[PDB]
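Okay, start-v1.pdb is below, PDB, C-alpha atoms and all ligand atoms:
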ATOM      1  CA  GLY A   1     -47.414  12.167  73.365
ATOM      2  CA  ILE A   2     -45.564   9.363  75.080
ATOM      3  CA  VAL A   3     -48.668   7.247  75.650
ATOM      4  CA  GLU A   4     -49.548   7.325  71.967
ATOM      5  CA  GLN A   5     -45.944   6.949  70.769
ATOM      6  CA  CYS A   6     -45.271   3.836  72.819
ATOM      7  CA  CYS A   7     -48.436   2.181  71.477
ATOM      8  CA  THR A   8     -48.399   3.193  67.777
ATOM      9  CA  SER A   9     -44.664   3.109  67.370
ATOM     10  CA  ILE A  10     -41.950   2.208  69.899
ATOM     11  CA  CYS A  11     -40.417   3.993  72.820
ATOM     12  CA  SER A  12     -37.355   3.591  75.076
ATOM     13  CA  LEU A  13     -37.078   3.261  78.837
ATOM     14  CA  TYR A  14     -35.019   6.497  78.673
ATOM     15  CA  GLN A  15     -37.934   8.287  77.093
ATOM     16  CA  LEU A  16     -40.219   6.889  79.802
ATOM     17  CA  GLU A  17     -37.914   8.188  82.507
ATOM     18  CA  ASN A  18     -38.859  11.735  81.510
ATOM     19  CA  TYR A  19     -42.293  11.056  83.100
ATOM     20  CA  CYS A  20     -40.934  10.161  86.526
ATOM     21  CA  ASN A  21     -41.491  12.653  89.332
TER      22      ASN A  21
ATOM     23  CA  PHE B   1     -32.244  -1.915  77.409
ATOM     24  CA  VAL B   2     -34.511  -2.754  74.501
ATOM     25  CA  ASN B   3     -37.103  -0.578  72.884
ATOM     26  CA  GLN B   4     -40.695  -1.075  73.851
ATOM     27  CA  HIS B   5     -44.165  -1.454  72.258
ATOM     28  CA  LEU B   6     -46.516  -0.630  75.117
ATOM     29  CA  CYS B   7     -50.258  -0.059  75.001
ATOM     30  CA  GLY B   8     -52.825   0.503  77.669
ATOM     31  CA  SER B   9     -52.015  -0.755  81.132
ATOM     32  CA  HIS B  10     -48.701  -2.173  79.917
ATOM     33  CA  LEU B  11     -47.345   1.355  79.617
ATOM     34  CA  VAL B  12     -48.376   2.031  83.225
ATOM     35  CA  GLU B  13     -46.526  -1.084  84.364
ATOM     36  CA  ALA B  14     -43.411   0.055  82.517
ATOM     37  CA  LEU B  15     -43.573   3.530  84.062
ATOM     38  CA  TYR B  16     -43.916   1.938  87.482
ATOM     39  CA  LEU B  17     -40.818  -0.161  86.961
ATOM     40  CA  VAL B  18     -38.727   2.638  85.474
ATOM     41  CA  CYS B  19     -39.658   5.253  88.039
ATOM     42  CA  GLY B  20     -39.936   3.250  91.210
ATOM     43  CA  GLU B  21     -40.193   5.371  94.338
ATOM     44  CA  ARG B  22     -39.847   8.543  92.267
ATOM     45  CA  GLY B  23     -43.394   8.070  91.012
ATOM     46  CA  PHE B  24     -44.654   9.207  87.696
ATOM     47  CA  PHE B  25     -47.345  10.983  85.740
ATOM     48  CA  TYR B  26     -49.514   9.157  83.199
ATOM     49  CA  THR B  27     -50.958  11.658  80.695
ATOM     50  CA  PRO B  28     -52.634  10.390  77.593
ATOM     51  CA  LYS B  29     -53.792  12.673  74.896
ATOM     52  CA  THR B  30     -57.465  13.605  75.147
TER      53      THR B  30
HETATM   54 MN    MN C   1     -52.408  -6.902  77.304
HETATM   55 NA    NA C   2     -35.148   1.190  76.336
END

The structure in this file should be written as structure tokens.
Ligand SMILES: [Mn+2]
Ligand code: NA
Amino acid sequence: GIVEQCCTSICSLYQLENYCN
Amino acid sequence: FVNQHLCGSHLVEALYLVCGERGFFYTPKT
């Protein structure tokens, strides 16, 4: 998931925004 | 914005900044 993606690869702030409440 | 390489608590910090007062959920794989 996002936690693994951001650490093993890269991720965008736009992808992160999907985890906001 | 630039792409990000974020591990551990650095991802939490990024979520905090992105989401602000909206809050967020942090859900690692188990
Ligand atoms: Mn560190
Ligand atoms: Na970004």

For region 9-19 of chain A, list every protein, DNA or RNA residue within 7 Å, evaluated using all atoms listed in the file, and leave out those in the same chain fewer than 6 positions away; present the list as a ChimeraX atom specification.
-> /B:2-5,15,18-19,24-25

Within 8 Å of ligand MN 1 (chain C), which residues show up when you count only C-alpha atoms and all ligand atoms? List them as a list in words, please.
->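 Within the 8 Å cut-off, the matching residues are residues 7, 8, 9 and 10 of chain B.
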
Pairwise distance for CA of residue 4 (chain A) and CA of residue 22 (chain B), rounded to one decimal in Å |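 According to the coordinates, CA of residue 4 (chain A) and CA of residue 22 (chain B) are separated by 22.5 Å.
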
How big is the axis-aligned box around the listed atoms of region 6-17 of chain A once 8 Å is added on each side, and where is its centre? Give both in Å to one decimal, as AutoDock Vina command-line options.
--center_x -41.7 --center_y 5.2 --center_z 74.9 --size_x 29.4 --size_y 22.1 --size_z 31.1

Got a sec to resolve the PyMOL selection byres (((chain A and resi 3) around 8) and not hetatm) on this structure and send the residues as a ChimeraX atom specification?
-> /A:1-2,4-7 /B:7,11,26-29
